[PDB]
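Protein chains in written order, with my numbering: chain A, 1 to 37; chain B, 1 to 93; chain C, 1 to 49; chain D, 1 to 120; chain E, 1 to 222; chain F, 1 to 38.
Beta carbons are placed, not taken as given, at the ideal position from N, Cα and C, and that holds for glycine.
Take a look at the structure set out below.
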Amino acid sequence: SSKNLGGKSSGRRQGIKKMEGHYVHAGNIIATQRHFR
Amino acid sequence: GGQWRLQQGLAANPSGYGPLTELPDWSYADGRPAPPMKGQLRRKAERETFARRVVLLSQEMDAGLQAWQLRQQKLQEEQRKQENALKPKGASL
Amino acid sequence: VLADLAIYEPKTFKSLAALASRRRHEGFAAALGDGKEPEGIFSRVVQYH
Amino acid sequence: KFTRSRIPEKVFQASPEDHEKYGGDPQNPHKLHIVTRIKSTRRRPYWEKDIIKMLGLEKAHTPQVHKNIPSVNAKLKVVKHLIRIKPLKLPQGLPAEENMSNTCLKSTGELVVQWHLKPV
Amino acid sequence: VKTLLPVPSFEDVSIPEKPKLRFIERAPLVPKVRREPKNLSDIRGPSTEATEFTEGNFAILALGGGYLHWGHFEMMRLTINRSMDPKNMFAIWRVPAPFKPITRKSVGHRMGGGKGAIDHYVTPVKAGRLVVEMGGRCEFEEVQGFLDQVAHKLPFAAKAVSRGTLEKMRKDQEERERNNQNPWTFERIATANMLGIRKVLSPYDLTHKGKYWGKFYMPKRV
Amino acid sequence: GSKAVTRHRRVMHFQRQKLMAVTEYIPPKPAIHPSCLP
Ligand SMILES: [Mg+2]
Ligand SMILES: [Mg+2]
Ligand SMILES: [Zn+2]
């Protein structure tokens with residue numbers, strides 16, 4: 001009766017913050033990731 | 001009902017767009033015309049603003065076409081001025 | 001006014017029924033002939049401009 | 001899942017049979033549309049409601065004129081199933097300053113520049 | 001007199017050894033331990049694999065989706081084994097052994113508490129897929145008899161087809177598709193989103209084109 | 001509600017039923033029936 005337990009971790013909100021063409025000041029984070037994309 | 005009325009160009013509902021609607025309903029006994037009916041004045045104002053929009057859209061489209069013609073001609077003349085810059089001397093003799 | 005003509009003026013309603021039946025017959029003969037010649041008589045709508 | 005429909009672009013390419021069936025001419029295309037709203041935005045998604053509000057078609061059976069350019073053609077392609085598009089053709093010229101009060105729309109899309117109320 | 005004709009001779013067909021159907025086991029020899037969800041889209045729409053003939057000339061053609069479990073495999077192999085001629089015919093399985101696990105909770109159980117335990121193994125079959133293929137030095141008629149007899153008892157609709165009958169059916173379906181007289185197809189209305197009709201359709205209906213509905217196949221639909 | 005795939009033919013939405021009613025195969029009609037012609 002629910003032998004499996006643990007996978008309740010939420011999403012990391014990682015991805016591209018600034019796409020192509022967006023003006024970016026110095027120090028703005030462009031993309032968050034794991035496992036280099 | 002009328003959908004035969006559309007084939008004669010007559011706006012299927014006979015109580016709009018005709019002489020049955022747009023003519024004045026009454027007049028005085030000595031011959032003087034009536035003041036204009038209020039729905040007639042509203043329809044005439046709406047027809048005027050529709051025609052104004054038609055004129056404005058056609059003029060904006062023609063002005064856009066003429067400005068694009070001038071942009072193409074000016075770019076082509078500027079590049080033709082760019083082509084002729086030669087004063088060549090290297091392999092001539 | 002068609003119902004009021006039906007009740008109070010039956011001669012005018014017989015005239016209207018004769019008109020509708022004649023235009024029906026003209027439409028039928030126009031359907032058999034595609035016109036050619038006359039497109040009837042009680043056809044030929046009056047044109048307003 | 002239900003999502004917005006992108007349409008293949010081979011739909012909006014007229015065949016010569018289509019040019020014979022309808023009246024249009026592939027050279028000299030018409031300049032203006034006459035769009036009329038003939039189906040409710042209710043029980044349709046919110047993007048179709050927004051496009052209908054943008055184009056100016058809130059009141060049904062009320063004609064509105066637009067340009068014939070690819071941007072408004074994209075907006076009309078989104079809601080082409082709620083409308084009736086017919087070309088504004090002009091029998092006389094487009095209306096001058098003297099005419100403007102005396103004009104009419106005349107279904108069959110003929111913006112007649114002289115509108116009397118007398119028989120021919 | 002009555003005109004006799006040359007028979008179709010068979011000197012180009014060699015029957016292989018082991019001409020009868022092999023045994024099909026109930027469960028794979030390595031039992032699967034992780035329960036899989038009910039991916040119902042393996043019985044849905046047209047088949048993409050096992051669609052054309054390989055060795056024989058005769059087949060059972062599936063005309064709708066369905067899951068074959070071990071009872072259907074036993075029925076098919078028993079009937080085709082006992083009703084063929086082993087010295088002139090041979091049959092070939094065109095479906096793999098049943099591999100998809102299906103779990104049932106215990107009898108009379110409340111809802112909740114996780115998935116059940118794996119009981120029995122099935123194999124999905126889509127529409128248009130061939131199921132058994134037969135060949136040999138025989139005609140179409142006798143195998144049409146005992147293959148319609150088998151194909152009646154499958155969980156979906158099925159027919160016994162030959163190469164000629166399948167190719168005739170495909171040409172006739174395409175000729176019906178190009179002879180159509182009303183201008184409104186399901187394809188033209190579905191892909192172009194006429195009438196806003198994509199609200200009541202599926203995203204799968206742009207490829208199914210109205211010929212498919214659930215696990216069912218309507219072969220007159222065009 | 002039921003799944004997308006069912007066992008019992010799954011009665012359609014009425015707009016889809018109208019769509020499948022209006023797009024049926026219509027066979028070509030010869031002018032004179034071919035046997036009635038020599
Ligand atoms: Mg997770
Ligand atoms: Mg969470
Ligand atoms: Zn006959």
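Check: Closer than 9 Å to chain A by CB, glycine 113/E; Outcome: yes
Check: Cα-Cα separation, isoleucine 118/E to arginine 34/E; Outcome: 9 Å
Check: Candidates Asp85/E, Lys220/E and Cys138/E, of which the one nearest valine 13/E by Cα; Outcome: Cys138/E
Check: Enclosing alpha helix (DSSP H) for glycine 145/E [first to last residue]; Outcome: 141-151
Check: Spatially closest choice to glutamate 26/C from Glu9/C, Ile41/C, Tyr48/C and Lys36/C, by CA coordinates; Outcome: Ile41/C
Check: Under 9 Å between C-beta atoms of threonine 6/F and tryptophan 184/E; Outcome: no
Check: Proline 219/E and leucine 63/E closer than 9 Å at C-beta; Outcome: yes
Check: Enclosing alpha helix (DSSP H) for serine 21/C [first to last residue]; Outcome: 10-33
Check: Nearest neighbour of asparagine 13/B, chosen from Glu48/B, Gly2/B, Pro19/B and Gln72/B [CA to CA]; Outcome: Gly2/B
Check: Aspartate 30/B - DSSP class collapsed to helix/strand/coil; Outcome: coil
Check: Distance cut-off 8 Å: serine 2/A Cβ against heavy atoms of ligand 1; Outcome: no
Check: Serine 41/E in three-state terms, based on DSSP; Outcome: helix
Check: Test item: CB-CB of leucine 10/B and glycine 18/B under 9 Å; Outcome: yes
Check: Under 8 Å by beta carbon: chain E residues contacting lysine 8/A; Outcome: Within 8 Å Cβ-Cβ: nothing; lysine 8/A doesn't reach chain E, min ~16 Å.
Check: Residue from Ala31/A, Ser2/A and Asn4/A whose Cα sits closest to the Cα of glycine 15/A; Outcome: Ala31/A
Check: Spatial neighbours of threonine 79/E in its chain, beta-carbon cut-off 8 Å, leaving aside the 5 residues before and after; Outcome: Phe146, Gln149 and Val150
Check: C-alpha gap between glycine 56/E and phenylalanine 140/E, whole angstroms; Outcome: 11 Å
Check: Buried or exposed by the 16-neighbour rule on C-beta atoms within 10 Å, applied to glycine 71/E; Outcome: exposed
Check: Partner residues on chain E for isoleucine 26/F, Cβ-Cβ distance less than 7 Å; Outcome: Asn180, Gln181 and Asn182
Check: Any non-hydrogen atom of ligand 3 closer than 8 Å to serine 35/F Cβ; Outcome: yes
Check: Coarse secondary structure for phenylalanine 99/E, derived from DSSP in three states; Outcome: coil
Check: For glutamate 133/E, the first and last residue of its enclosing beta strand (DSSP E); Outcome: 130-136
Check: Contact set between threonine 108/D and chain B, taken where Cβ atoms lie within less than 7 Å; Outcome: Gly9
Check: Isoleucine 52/D and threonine 41/D closer than 9 Å at C-beta; Outcome: yes
Check: Pair within 9 Å by beta-carbon distance, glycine 210/E and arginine 221/E; Outcome: yes
Check: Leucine 5/C versus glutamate 187/E: straight-line alpha-carbon distance, rounded; Outcome: 55 Å
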